[PDB]
Amino acid sequence: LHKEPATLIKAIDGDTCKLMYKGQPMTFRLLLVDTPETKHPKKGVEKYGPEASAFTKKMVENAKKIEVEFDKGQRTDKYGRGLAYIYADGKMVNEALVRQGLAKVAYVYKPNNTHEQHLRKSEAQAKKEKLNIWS
Ligand SMILES: Cc1cn([C@H]2C[C@H](OP(=O)(O)O)[C@@H](COP(=O)(O)O)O2)c(=O)[nH]c1=O
Ligand SMILES: [Ca+2]
């Protein structure tokens with residue numbers, strides 16, 4: 001996979017944000033993870049939702065460098081959102097959330113699963129430490 005620079009425009013929630021990519025603003029959704037809902041009335045404001053939003057926000061707003069890394073399959077979902085692994089100063093936001101118990105590994109659609117094993121390994125650690133979502 002190849003990392004590419006992006007510029008933070010606006011953090012939305014734990015797993016969705018707006019970035020300036022290749023000159024154009026675009027919304028991104030983190031690959032292989034799911035942070036709790038804070039919008040959509042059908043899901044409601046789920047537990048740890050606000051926590052996940054704050055974690056992501058802090059991490060991306062304080063970063064000197066943000067990079068996007070598309071996987072090997074489709075790069076956007078049905079809603080026109082870019083699907084990527086996002087790095088804040090070299091640290092993957094996707095993994096950071098999972099390791100903290102702020103997100104679950106989900107939506108594993110191949111072949112967009114290059115980092116699946118890595119994220120699962122972190123999820124198991126968060127689980128055995130009964131962190132947040134796993135408490
Ligand atoms: C992470 C991811 C989400 N999605 C879809 C699945 C869900 O569709 P539905 O809206 O049909 O449930 C939605 C989950 O994202 P949200 O967690 O932002 O809702 O976006 C993909 O299609 N591919 C992906 O890789
Ligand atoms: Ca979500």
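Only heavy atoms go into these numbers, but all of them, side chains included; no hydrogens, no water, no symmetry mates. In each ligand, atom 1 is the first atom listed, and ligand 1 is the first ligand listed. Along the sequence shown, residues carry numbers from 1.
The closest protein non-hydrogen atom to atom 12 (O) of ligand 1 is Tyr107 OH, 4.7 Å. With respect to atom 4 (N) of ligand 1, the closest heavy atom belonging to the protein is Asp77 OD2, 4.1 Å. Closest protein heavy atom to atom 23 (N) of ligand 1: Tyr109 CE1, 3.5 Å.
In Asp34, the part holding a heavy atom less than 4.0 Å from any atom of ligand 1 is the side chain. With a 4.0 Å cut-off on non-hydrogen atoms, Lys78 touches ligand 1 through its side chain and not its backbone. Under 4.0 Å from ligand 1, the heavy atoms of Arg81 that appear belong solely to its side chain.
The two residues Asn132 and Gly101 make their nearest non-hydrogen contact at CB-O, 3.0 Å. Minimum interatomic distance between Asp89 and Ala63 (heavy atoms only, all atoms of both residues): OD2-CA, 3.3 Å. Of all non-hydrogen atoms in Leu119 and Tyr85, the two that sit nearest each other are CD1-CE2, 4.5 Å.
Checking only distances, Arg29 does come within under 3.5 Å of ligand 1, N or O to N or O. In terms of polar-atom proximity, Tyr79 is counted as a contact of ligand 1, with an N or O under 3.5 Å from an N or O of the ligand.
Annotation: side chain of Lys104 is in contact with side chain of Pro36 (closest heavy-atom distance under 4.5 Å). Using a 4.5 Å cut-off on side-chain heavy atoms (C-beta onward), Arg29 and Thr76 make no contact.
Distances from the Ca ion (ligand 2) to each N, O or S atom of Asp15 single out OD2 as the nearest. When the Ca ion (ligand 2) is compared with the N/O/S atoms of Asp34, atom OD1 turns out nearest.
Within the structure, the closest approach of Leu83 to ligand 1 falls below 4.0 Å when heavy atoms are considered. Using a 4.0 Å heavy-atom cutoff, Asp13 is absent from the residues neighbouring ligand 1.
For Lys72, the NZ atom sits in a loose shell: 12 or fewer heavy atoms of surrounding residues, nucleotides or ligands are nearer than 6.0 Å. Under a cut-off of 6.0 angstrom, the local environment of NZ in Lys57 is sparse, with at most 12 non-hydrogen atoms contributed by other residues, nucleotides or ligands.
At least one protein heavy atom sits closer than 4.0 Å to atom 20 (O) of ligand 1. The presence of a protein heavy atom under 4.0 Å from atom 17 (O) of ligand 1 is confirmed.
In this structure, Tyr21 and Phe28 have perpendicular ring planes: the angle between them is above 60°, well past the 30° mark.
Taking every non-hydrogen atom of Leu30 and a distance limit under 4.0 Å, the qualifying atoms of ligand 1 come out as 1 (C).
Separation of atoms NZ (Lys91) and NZ (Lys65) is listed at 10.5 Å; rounding is to 0.5 Å.
Of the N and O atoms on the side chains of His115 and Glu69, at least one donor lies less than 3.5 Å from an acceptor on the other residue.
Residue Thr16: no N/O/S atom is found under 3.0 Å from the Ca ion (ligand 2).
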